[PDB]
$ cat input.cif   # mmCIF, C-alpha atoms (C1' of nucleotides)
data_upload
loop_
_atom_site.label_atom_id
_atom_site.label_comp_id
_atom_site.auth_asym_id
_atom_site.auth_seq_id
_atom_site.Cartn_x
_atom_site.Cartn_y
_atom_site.Cartn_z
CA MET A 1 22.43 -23.70 7.21
CA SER A 2 19.72 -25.33 5.10
CA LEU A 3 16.63 -24.02 3.32
CA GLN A 4 13.24 -25.77 3.25
CA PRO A 5 10.63 -24.71 0.66
CA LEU A 6 7.31 -24.08 2.40
CA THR A 7 3.81 -24.05 0.92
CA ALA A 8 1.50 -21.19 1.95
CA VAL A 9 -1.47 -23.53 1.44
CA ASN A 10 -4.15 -20.99 2.46
CA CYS A 11 -4.06 -17.23 3.07
CA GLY A 12 -1.17 -16.29 0.80
CA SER A 13 -2.56 -12.86 -0.20
CA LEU A 14 -2.10 -11.28 3.27
CA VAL A 15 1.71 -11.12 3.18
CA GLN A 16 3.06 -8.10 1.28
CA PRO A 17 6.53 -6.74 0.32
CA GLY A 18 7.12 -4.86 3.59
CA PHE A 19 5.85 -6.42 6.82
CA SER A 20 6.99 -7.37 10.31
CA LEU A 21 7.48 -10.59 12.28
CA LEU A 22 7.22 -10.10 16.04
CA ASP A 23 8.93 -12.84 18.06
CA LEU A 24 7.48 -12.89 21.58
CA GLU A 25 6.79 -15.89 23.84
CA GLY A 26 7.77 -18.64 21.46
CA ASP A 27 5.43 -18.46 18.49
CA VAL A 28 5.79 -15.57 16.04
CA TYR A 29 3.13 -13.02 15.02
CA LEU A 30 2.85 -11.67 11.48
CA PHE A 31 2.07 -7.95 11.50
CA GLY A 32 1.08 -5.95 8.44
CA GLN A 33 -1.21 -7.07 5.65
CA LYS A 34 -2.52 -5.98 2.26
CA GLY A 35 -5.44 -3.62 2.73
CA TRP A 36 -7.38 -2.83 5.87
CA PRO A 37 -8.49 -5.58 8.28
CA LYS A 38 -11.10 -7.97 6.90
CA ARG A 39 -13.79 -9.43 9.16
CA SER A 40 -12.09 -12.85 9.19
CA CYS A 41 -9.62 -11.17 11.58
CA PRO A 42 -10.80 -7.82 12.94
CA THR A 43 -7.47 -7.09 14.68
CA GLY A 44 -4.84 -7.31 11.95
CA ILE A 45 -2.25 -9.57 13.64
CA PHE A 46 -1.82 -13.24 12.75
CA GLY A 47 -0.12 -16.10 14.56
CA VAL A 48 2.33 -18.13 12.48
CA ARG A 49 2.99 -21.88 12.80
CA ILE A 50 5.31 -23.82 10.50
CA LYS A 51 4.75 -27.57 10.56
CA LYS A 52 5.69 -30.34 8.10
CA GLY A 53 6.46 -27.68 5.49
CA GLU A 54 3.00 -26.13 5.81
CA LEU A 55 2.85 -22.42 6.70
CA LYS A 56 -0.33 -21.92 8.74
CA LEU A 57 -1.76 -18.53 9.75
CA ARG A 58 -4.27 -18.25 12.60
CA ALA A 59 -6.42 -15.33 13.71
CA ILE A 60 -5.47 -13.46 16.89
CA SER A 61 -7.88 -11.49 19.06
CA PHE A 62 -7.10 -8.48 21.24
CA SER A 63 -8.15 -7.99 24.85
CA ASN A 64 -11.05 -5.87 26.07
CA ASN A 65 -9.05 -2.82 27.21
CA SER A 66 -6.74 -2.46 24.18
CA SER A 67 -6.83 -0.09 21.22
CA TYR A 68 -6.55 -1.22 17.62
CA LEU A 69 -3.87 -0.70 14.99
CA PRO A 70 -3.84 -0.02 11.27
CA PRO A 71 -1.60 -2.43 9.39
CA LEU A 72 1.58 -0.33 9.29
CA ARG A 73 3.59 -1.38 6.25
CA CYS A 74 7.23 -0.51 7.11
CA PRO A 75 7.31 0.45 10.80
CA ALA A 76 10.20 0.59 13.25
CA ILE A 77 10.08 -2.36 15.67
CA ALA A 78 12.03 -2.38 18.95
CA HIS A 79 12.06 -5.43 21.24
CA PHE A 80 11.69 -4.37 24.88
CA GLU A 81 12.84 -7.46 26.76
CA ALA A 82 11.46 -9.06 29.91
CA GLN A 83 11.83 -6.98 33.07
CA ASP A 84 9.67 -4.86 35.37
CA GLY A 85 6.95 -4.68 34.86
CA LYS A 86 5.18 -5.93 31.72
CA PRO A 87 7.06 -8.43 29.58
CA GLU A 88 7.28 -8.87 26.81
CA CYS A 89 6.97 -5.49 25.14
CA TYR A 90 7.20 -4.48 21.51
CA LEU A 91 7.50 -0.79 20.63
CA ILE A 92 6.11 -0.09 17.13
CA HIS A 93 6.60 3.30 15.47
CA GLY A 94 5.47 4.57 13.15
CA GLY A 95 5.08 3.18 9.62
CA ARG A 96 2.70 3.65 6.69
CA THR A 97 -1.07 3.25 7.00
CA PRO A 98 -2.46 1.17 4.09
CA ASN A 99 -4.42 4.31 3.26
CA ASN A 100 -1.20 5.91 2.16
CA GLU A 101 -0.23 8.15 5.07
CA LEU A 102 2.41 8.41 7.78
CA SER A 103 1.43 7.62 11.38
CA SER A 104 3.40 9.39 14.13
CA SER A 105 1.90 7.46 17.07
CA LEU A 106 3.83 4.90 19.10
CA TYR A 107 2.24 1.55 20.00
CA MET A 108 3.12 -0.94 22.73
CA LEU A 109 2.19 -4.59 22.15
CA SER A 110 2.20 -7.33 24.80
CA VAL A 111 0.73 -10.75 25.73
CA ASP A 112 -2.15 -11.05 28.23
CA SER A 113 -3.55 -14.54 28.93
CA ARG A 114 -3.89 -18.13 27.74
CA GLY A 115 -5.14 -20.40 26.56
CA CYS A 116 -7.55 -21.95 26.99
CA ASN A 117 -6.94 -24.30 24.03
CA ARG A 118 -3.73 -23.04 22.35
CA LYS A 119 -5.11 -19.49 22.25
CA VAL A 120 -3.13 -16.31 22.95
CA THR A 121 -4.70 -12.95 23.70
CA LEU A 122 -2.71 -9.77 23.01
CA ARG A 123 -3.07 -6.16 24.05
CA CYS A 124 -2.01 -2.96 22.29
CA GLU A 125 -1.77 0.47 23.91
CA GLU A 126 -1.07 3.79 22.28
CA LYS A 127 1.65 5.67 24.15
CA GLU A 128 1.13 9.41 24.16
CA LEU A 129 4.34 11.32 23.39
CA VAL A 130 4.84 14.74 24.98
CA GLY A 131 7.34 16.44 22.69
CA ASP A 132 9.36 17.37 20.71
CA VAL A 133 7.75 14.40 18.97
CA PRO A 134 9.73 12.95 16.05
CA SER A 135 8.11 13.66 12.70
CA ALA A 136 6.19 10.78 11.16
CA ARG A 137 8.57 8.61 9.16
CA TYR A 138 9.05 5.10 7.86
CA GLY A 139 12.06 2.83 7.59
CA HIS A 140 13.82 4.41 10.55
CA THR A 141 15.14 2.36 13.45
CA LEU A 142 14.41 2.28 17.18
CA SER A 143 16.51 0.44 19.75
CA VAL A 144 16.22 -0.13 23.51
CA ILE A 145 19.11 0.70 25.84
CA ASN A 146 19.59 -0.06 29.54
CA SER A 147 21.97 2.28 31.39
CA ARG A 148 22.58 2.54 35.14
CA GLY A 149 20.10 1.02 35.31
CA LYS A 150 17.08 2.63 33.73
CA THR A 151 15.57 2.01 30.31
CA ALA A 152 15.33 4.37 27.35
CA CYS A 153 15.02 4.18 23.57
CA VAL A 154 17.06 5.71 20.76
CA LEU A 155 15.28 6.67 17.52
CA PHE A 156 17.25 7.48 14.40
CA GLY A 157 17.10 7.60 10.63
CA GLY A 158 14.33 7.13 8.13
CA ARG A 159 12.61 8.92 5.28
CA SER A 160 9.57 11.18 5.15
CA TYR A 161 7.44 12.97 2.60
CA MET A 162 8.41 16.46 1.42
CA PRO A 163 7.94 19.21 4.05
CA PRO A 164 4.29 20.30 4.34
CA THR A 165 4.75 23.63 2.55
CA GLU A 166 6.76 22.39 -0.47
CA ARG A 167 4.76 19.27 -1.36
CA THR A 168 3.14 19.82 -4.76
CA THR A 169 0.49 17.55 -6.27
CA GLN A 170 3.15 16.65 -8.84
CA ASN A 171 5.82 15.86 -6.19
CA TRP A 172 3.26 14.16 -3.95
CA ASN A 173 4.61 10.73 -3.64
CA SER A 174 8.22 12.16 -3.56
CA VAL A 175 10.14 11.27 -0.40
CA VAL A 176 13.32 12.77 1.09
CA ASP A 177 15.51 11.87 4.03
CA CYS A 178 14.44 13.35 7.34
CA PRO A 179 16.99 15.56 9.10
CA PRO A 180 19.71 13.68 11.08
CA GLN A 181 18.99 14.18 14.78
CA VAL A 182 18.69 11.42 17.37
CA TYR A 183 15.58 11.25 19.55
CA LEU A 184 15.77 9.80 23.06
CA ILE A 185 12.36 8.44 24.07
CA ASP A 186 11.44 7.37 27.57
CA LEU A 187 9.03 4.43 27.55
CA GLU A 188 6.96 6.23 30.19
CA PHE A 189 6.37 8.97 30.48
CA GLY A 190 6.24 10.45 26.99
CA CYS A 191 9.14 12.86 27.47
CA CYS A 192 11.08 12.70 24.19
CA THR A 193 14.25 14.75 23.72
CA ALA A 194 15.94 15.74 20.45
CA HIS A 195 19.74 15.90 20.16
CA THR A 196 22.06 16.85 17.31
CA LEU A 197 24.82 14.63 15.90
CA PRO A 198 28.06 16.56 15.25
CA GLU A 199 29.51 13.62 13.27
CA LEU A 200 26.43 12.59 11.24
CA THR A 201 25.66 15.31 8.69
CA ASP A 202 23.09 13.12 6.91
CA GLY A 203 20.36 10.62 7.70
CA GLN A 204 19.76 7.18 6.24
CA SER A 205 17.17 4.41 6.14
CA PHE A 206 16.89 0.62 6.02
CA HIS A 207 19.92 0.22 8.29
CA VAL A 208 19.94 -2.71 10.71
CA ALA A 209 20.63 -1.43 14.22
CA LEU A 210 21.99 -3.67 16.99
CA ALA A 211 21.89 -2.44 20.59
CA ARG A 212 23.83 -4.13 23.38
CA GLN A 213 24.42 -2.90 26.93
CA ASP A 214 23.88 0.84 26.41
CA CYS A 215 25.77 0.85 23.11
CA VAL A 216 24.13 1.19 19.69
CA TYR A 217 25.76 -0.01 16.47
CA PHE A 218 24.30 1.10 13.13
CA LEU A 219 25.25 -0.95 10.10
CA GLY A 220 25.19 0.62 6.66
CA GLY A 221 22.05 2.20 5.30
CA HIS A 222 21.03 3.55 1.92
CA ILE A 223 21.47 7.31 1.51
CA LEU A 224 19.29 9.01 -1.09
CA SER A 225 21.22 12.30 -1.24
CA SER A 226 24.37 10.87 -2.89
CA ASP A 227 22.91 7.43 -3.74
CA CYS A 228 25.74 5.81 -1.76
CA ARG A 229 25.58 2.76 0.49
CA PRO A 230 28.33 3.57 3.00
CA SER A 231 30.44 0.69 4.30
CA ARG A 232 31.26 2.66 7.47
CA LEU A 233 29.79 1.54 10.78
CA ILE A 234 28.38 4.02 13.32
CA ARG A 235 28.70 3.59 17.07
CA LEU A 236 26.87 5.74 19.60
CA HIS A 237 27.02 5.76 23.38
CA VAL A 238 24.10 6.89 25.56
CA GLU A 239 24.95 7.80 29.15
CA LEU A 240 21.64 8.42 30.93
CA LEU A 241 22.11 10.68 33.95
CA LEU A 242 19.91 13.17 35.78
CA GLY A 243 18.82 15.11 34.09
CA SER A 244 20.39 15.64 30.66
CA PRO A 245 20.57 12.58 28.38
CA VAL A 246 24.05 13.25 27.02
CA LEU A 247 24.86 11.30 23.85
CA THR A 248 28.24 10.75 22.20
CA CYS A 249 29.21 9.09 18.93
CA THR A 250 32.12 7.69 16.92
CA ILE A 251 32.83 6.08 13.55
CA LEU A 252 34.16 2.58 12.92
CA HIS A 253 36.26 2.22 9.79
CA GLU A 254 34.71 -0.89 8.24
CA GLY A 255 31.35 -2.66 8.31
CA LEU A 256 29.15 -4.48 5.83
CA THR A 257 27.64 -2.37 3.03
CA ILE A 258 24.10 -3.69 3.41
CA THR A 259 20.52 -2.34 3.38
CA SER A 260 17.29 -4.00 4.55
CA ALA A 261 19.03 -6.96 6.17
CA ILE A 262 17.32 -9.76 8.10
CA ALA A 263 19.08 -9.64 11.49
CA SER A 264 18.30 -12.99 13.12
CA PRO A 265 19.46 -13.71 16.69
CA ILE A 266 21.11 -17.08 17.27
CA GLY A 267 23.27 -16.98 20.37
CA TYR A 268 23.07 -14.78 23.43
CA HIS A 269 24.38 -11.65 21.69
CA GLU A 270 25.52 -13.27 18.41
CA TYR A 271 23.43 -12.38 15.35
CA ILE A 272 23.50 -13.42 11.72
CA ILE A 273 23.00 -10.73 9.10
CA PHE A 274 21.12 -12.80 6.54
CA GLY A 275 21.39 -10.51 3.51
CA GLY A 276 19.67 -7.82 1.51
CA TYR A 277 20.68 -5.27 -1.11
CA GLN A 278 24.27 -4.12 -1.70
CA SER A 279 23.56 -2.36 -5.02
CA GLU A 280 20.39 -1.23 -6.78
CA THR A 281 20.61 -4.32 -9.02
CA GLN A 282 22.56 -7.10 -7.27
CA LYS A 283 21.33 -8.63 -4.02
CA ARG A 284 23.53 -9.96 -1.23
CA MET A 285 23.89 -13.75 -1.31
CA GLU A 286 26.54 -14.20 1.40
CA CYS A 287 25.44 -14.80 5.00
CA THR A 288 27.45 -12.88 7.58
CA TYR A 289 27.85 -13.36 11.33
CA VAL A 290 28.07 -10.46 13.78
CA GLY A 291 29.08 -11.03 17.38
CA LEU A 292 28.64 -8.06 19.70
CA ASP A 293 30.88 -7.37 22.67
CA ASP A 294 32.06 -4.17 24.36
CA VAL A 295 35.32 -4.40 22.40
CA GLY A 296 33.45 -4.13 19.12
CA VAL A 297 31.72 -5.95 16.30
CA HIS A 298 33.33 -9.24 15.27
CA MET A 299 32.35 -10.04 11.69
CA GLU A 300 32.91 -13.28 9.78
CA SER A 301 31.34 -14.46 6.55
CA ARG A 302 29.80 -17.93 6.83
CA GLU A 303 29.06 -20.51 4.16
CA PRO A 304 25.77 -19.42 2.56
CA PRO A 305 23.26 -22.23 1.99
CA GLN A 306 23.05 -23.40 -1.60
CA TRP A 307 20.30 -21.36 -3.25
CA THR A 308 18.08 -22.84 -5.94
CA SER A 309 18.28 -21.03 -9.26
CA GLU A 310 14.94 -19.33 -8.58
CA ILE A 311 16.05 -17.47 -5.44
CA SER A 312 19.46 -16.75 -6.97
CA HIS A 313 18.05 -15.10 -10.12
CA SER A 314 15.17 -13.28 -8.42
CA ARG A 315 14.89 -9.54 -8.93
CA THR A 316 14.07 -8.78 -5.27
CA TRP A 317 13.50 -10.60 -2.00
CA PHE A 318 12.50 -9.78 1.57
CA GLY A 319 11.52 -11.55 4.75
CA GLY A 320 11.91 -11.61 8.50
CA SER A 321 13.29 -13.58 11.41
CA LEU A 322 11.40 -16.47 13.00
CA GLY A 323 14.07 -16.63 15.71
CA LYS A 324 16.35 -19.31 17.12
CA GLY A 325 18.65 -18.99 14.12
CA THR A 326 15.71 -19.49 11.76
CA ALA A 327 14.38 -16.98 9.26
CA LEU A 328 11.68 -16.69 6.60
CA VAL A 329 12.23 -15.37 3.08
CA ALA A 330 9.82 -14.75 0.21
CA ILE A 331 10.23 -14.54 -3.56
CA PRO A 332 7.57 -13.01 -5.84
CA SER A 333 6.43 -15.37 -8.60
CA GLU A 334 5.25 -15.08 -12.20
CA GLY A 335 2.85 -17.07 -14.34
CA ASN A 336 -0.41 -17.01 -16.24
CA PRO A 337 -3.11 -17.11 -14.99
CA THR A 338 -2.56 -15.83 -11.45
CA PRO A 339 -0.77 -18.48 -9.31
CA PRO A 340 -2.69 -16.93 -7.28
CA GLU A 341 -0.09 -17.29 -4.52
CA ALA A 342 2.13 -14.36 -5.45
CA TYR A 343 4.94 -15.43 -3.10
CA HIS A 344 6.94 -18.62 -2.78
CA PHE A 345 8.29 -19.09 0.74
CA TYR A 346 11.57 -20.52 2.01
CA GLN A 347 12.60 -21.23 5.62
CA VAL A 348 16.33 -20.96 6.25
CA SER A 349 17.83 -22.51 9.38
CA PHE A 350 21.29 -22.22 10.92
CA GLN A 351 23.47 -25.00 12.38
"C1'" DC B 1 -39.24 74.30 -56.26
"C1'" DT B 2 -41.39 70.75 -52.77
"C1'" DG B 3 -44.63 67.52 -50.46
"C1'" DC B 4 -47.49 62.87 -50.57
"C1'" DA B 5 -51.14 59.94 -53.02
"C1'" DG B 6 -51.79 57.03 -56.07
"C1'" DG B 7 -51.79 56.25 -61.46
"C1'" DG B 8 -49.27 53.21 -64.55
"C1'" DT B 9 -44.46 50.27 -65.61
"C1'" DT B 10 -41.27 45.94 -65.24
"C1'" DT B 11 -39.52 42.26 -62.64
"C1'" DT B 12 -39.56 39.52 -58.44
"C1'" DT B 13 -41.78 35.93 -55.97
"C1'" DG B 14 -44.45 32.73 -56.14
"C1'" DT B 15 -49.13 31.34 -57.60
"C1'" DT B 16 -52.48 26.33 -58.89
"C1'" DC B 17 -51.53 20.33 -60.73
"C1'" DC B 18 -50.57 16.56 -62.64
"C1'" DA B 19 -46.66 13.09 -65.00
"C1'" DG B 20 -42.87 12.22 -63.07
"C1'" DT B 21 -36.97 12.03 -60.65
"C1'" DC B 22 -34.24 12.60 -56.77
"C1'" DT B 23 -32.98 13.14 -51.95
"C1'" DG B 24 -33.10 12.47 -47.00
"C1'" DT B 25 -35.00 10.60 -42.89
"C1'" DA B 26 -38.19 7.03 -40.60
"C1'" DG B 27 -39.26 2.04 -39.44
"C1'" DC B 28 -37.51 -2.35 -38.56
"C1'" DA B 29 -35.00 -5.71 -34.04
"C1'" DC B 30 -31.09 -5.50 -31.69
"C1'" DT B 31 -25.76 -4.15 -29.70
"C1'" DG B 32 -22.54 -3.15 -25.89
"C1'" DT B 33 -20.31 -0.88 -21.75
"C1'" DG B 34 -21.84 -2.98 -16.99
"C1'" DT B 35 -17.01 -9.32 -14.91
"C1'" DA B 36 -15.07 -11.58 -7.53
"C1'" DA B 37 -14.07 -12.24 -3.33
"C1'" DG B 38 -15.97 -11.63 1.21
"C1'" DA B 39 -19.50 -12.20 5.19
"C1'" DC B 40 -21.94 -15.46 8.09
"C1'" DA B 41 -24.04 -19.53 10.33
"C1'" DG B 42 -23.72 -24.24 11.50
"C1'" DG B 43 -21.34 -28.94 12.07
"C1'" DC B 44 -17.44 -31.18 14.15
"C1'" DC B 45 -12.88 -32.85 15.46
"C1'" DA B 46 -8.52 -32.76 17.51
"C1'" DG B 47 -5.73 -31.66 20.82
"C1'" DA B 48 -5.44 -30.01 25.33
"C1'" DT B 49 -6.72 -30.97 30.28
"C1'" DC B 50 -8.41 -33.15 34.76
#
$ encode --input "input.cif" --output "structure tokens"
Amino acid sequence: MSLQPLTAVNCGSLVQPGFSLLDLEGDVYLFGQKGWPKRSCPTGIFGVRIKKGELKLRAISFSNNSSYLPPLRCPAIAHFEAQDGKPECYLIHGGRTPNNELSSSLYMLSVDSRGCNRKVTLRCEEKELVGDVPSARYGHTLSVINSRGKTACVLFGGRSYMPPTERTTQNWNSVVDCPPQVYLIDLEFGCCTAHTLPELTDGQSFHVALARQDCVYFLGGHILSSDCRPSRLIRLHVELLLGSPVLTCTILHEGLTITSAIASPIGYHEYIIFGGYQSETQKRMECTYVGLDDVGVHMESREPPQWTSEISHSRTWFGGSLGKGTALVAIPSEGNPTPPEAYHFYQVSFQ
DNA sequence: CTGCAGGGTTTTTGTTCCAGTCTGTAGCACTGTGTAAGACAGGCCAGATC
């Protein structure tokens, strides 16, 4: 549990407050960037390598048969693990276009070929959704479930702009919580079903969701109706049978009151919740550990690495998970003139 | 009584010019608001591979 300060020697203006780190086939891919794609990298997706403290970003190129993606700012990432037939899949939906809009299309990202010389080619495919499509939204969560024995996805939460009739050019950039119904999405085909939640009378956003063996556990998430960050934990159980995807749910008494947490996998099913926001002013410093079994969540606080004064007094912080019990965090910086590197970077490692 | 023409009448309203005295615009050369990164082509080297 130690933190190494990294230097973003070159290309430190591409990272932004909200962004994604996709961990597939070893190396990690940064996804999301300030502004539209520049010709230095006509795709939008960078490869990340951390070596000797240096943070190095390399350009990635798509394949011939793949469509292209706008740099979605705060999308919902779901890691579809290796199985038949195309590992390793990432389901992205749906985020915020850098031209400020909401995109309701689902993307599937995968790896294609290599190298020749340390080069990875990717491929993205839009996945048409016949629905009953969930309204465009950002900050929601998607999670993959395997049940007897087929694969589906559960989509829940998030915010969206005011309904299309009531949005006034004065309440334009206003945003309210989308209604609380769970959407079951088949990977293929695009049949997406909507189901109501008798126990959940409100939606939320920025809640870390952990899915294990056809069970989904939703940690706390910020509610904008009452401005409360509920400590309750939410469990739901998807039993996929022909032909009605019945869904049940229950409440757990206690869980961590946390929003926008960096959920880094370490063990087989053991995660560390790395921290985030517990109140609108104070940020979570304590690192927590969450083991997931069919009995339930087992939660222990672990010794948080000693933070330098800068990251302890910072107003806000964000980041993502580089995997293998390692995570990346960023702190915005001040000065005069421009640093110009607006973000100092730290790499935290476990064990 | 009226009508209109055309007489005089005063009082504007302005009529010529040269000393001035004063007021308002023209001529001079020049101002300031244009204020950042990104695309592209070539050289090359380092690490991967047979």
$ residues_around --input "input.cif" --residues "range 143-152 of chain A" --least-positions-apart "3" --cutoff "9 Å" --atoms "all atoms listed in the file" --output "PyMOL selection string"
chain A and resi 77-81+155-156+184-187+209-216+238-241
$ resolve_selection --input "input.cif" --expression "the PyMOL selection byres ((chain B) within 10 of (chain A))" --output "list in words"
residues 38, 39, 47, 48 and 49 of chain B
$ resolve_selection --input "input.cif" --expression "the PyMOL selection byres ((chain A and resi 305) around 8)" --output "list in words"
residues 1, 2, 3, 303, 304, 306 and 307 of chain A
$ residues_around --input "input.cif" --residues "residue 66 in chain A" --least-positions-apart "3" --cutoff "6 Å" --atoms "only C-alpha atoms (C1' of nucleotides)" --output "MDAnalysis selection string"
chainID A and resid 63 123:125
$ residues_near_point --input "input.cif" --point "(1.9, -14.1, 16.3)" --cutoff "7 Å" --atoms "all atoms listed in the file" --output "list in words"
residues 22, 27, 28, 29, 30, 45, 46, 47 and 48 of chain A
$ write_last_selection --input "input.cif" --atoms "C-alpha atoms" --output "mmCIF file, in the frame of the given file"
data_model
loop_
_atom_site.group_PDB
_atom_site.id
_atom_site.type_symbol
_atom_site.label_atom_id
_atom_site.label_comp_id
_atom_site.auth_asym_id
_atom_site.auth_seq_id
_atom_site.Cartn_x
_atom_site.Cartn_y
_atom_site.Cartn_z
ATOM 1 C CA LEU A 22 7.220 -10.100 16.040
ATOM 2 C CA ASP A 27 5.430 -18.460 18.490
ATOM 3 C CA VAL A 28 5.790 -15.570 16.040
ATOM 4 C CA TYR A 29 3.130 -13.020 15.020
ATOM 5 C CA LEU A 30 2.850 -11.670 11.480
ATOM 6 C CA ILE A 45 -2.250 -9.570 13.640
ATOM 7 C CA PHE A 46 -1.820 -13.240 12.750
ATOM 8 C CA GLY A 47 -0.120 -16.100 14.560
ATOM 9 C CA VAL A 48 2.330 -18.130 12.480
#
$ residues_around --input "input.cif" --residues "range 197-207 of chain A" --least-positions-apart "6" --cutoff "8 Å" --atoms "only C-alpha atoms (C1' of nucleotides)" --output "PyMOL selection string"
chain A and resi 139-141+157-159+177-182+218-224+249-250+258-261
$ atom_distance --input "input.cif" --atom1 "CA of residue 153 in chain A" --atom2 "CA of residue 234 in chain A"
16.8 Å
$ residues_around --input "input.cif" --residues "range 265-279 of chain A" --least-positions-apart "2" --cutoff "7 Å" --atoms "all atoms listed in the file" --output "list in words"
residues 257, 258, 259, 260, 261, 262, 263, 281, 282, 283, 284, 285, 286, 287, 288, 289, 290, 291, 292, 323, 324 and 325 of chain A
$ residues_around --input "input.cif" --residues "residue 60 in chain A" --least-positions-apart "2" --cutoff "8 Å" --atoms "all atoms listed in the file" --output "list in words"
residues 41, 43, 44, 45, 46, 47, 58, 62, 120, 121 and 122 of chain A
$ atom_distance --input "input.cif" --atom1 "CA of residue 4 in chain A" --atom2 "CA of residue 298 in chain A"
28.7 Å
$ atom_distance --input "input.cif" --atom1 "CA of residue 54 in chain A" --atom2 "CA of residue 110 in chain A"
26.7 Å
$ closest_residue --input "input.cif" --among "A:111, A:344, A:280, A:337" --to "residue 310 in chain A" --atoms "all atoms listed in the file"
A:344
$ resolve_selection --input "input.cif" --expression "the PyMOL selection byres ((chain A and resi 33) around 6)" --output "short mmCIF file (atom, residue, chain, number, x, y, z; two decimals) with C-alpha atoms, in the frame of the given file"
data_model
loop_
_atom_site.label_atom_id
_atom_site.label_comp_id
_atom_site.auth_asym_id
_atom_site.auth_seq_id
_atom_site.Cartn_x
_atom_site.Cartn_y
_atom_site.Cartn_z
CA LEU A 14 -2.10 -11.28 3.27
CA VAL A 15 1.71 -11.12 3.18
CA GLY A 32 1.08 -5.95 8.44
CA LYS A 34 -2.52 -5.98 2.26
CA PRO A 71 -1.60 -2.43 9.39
#
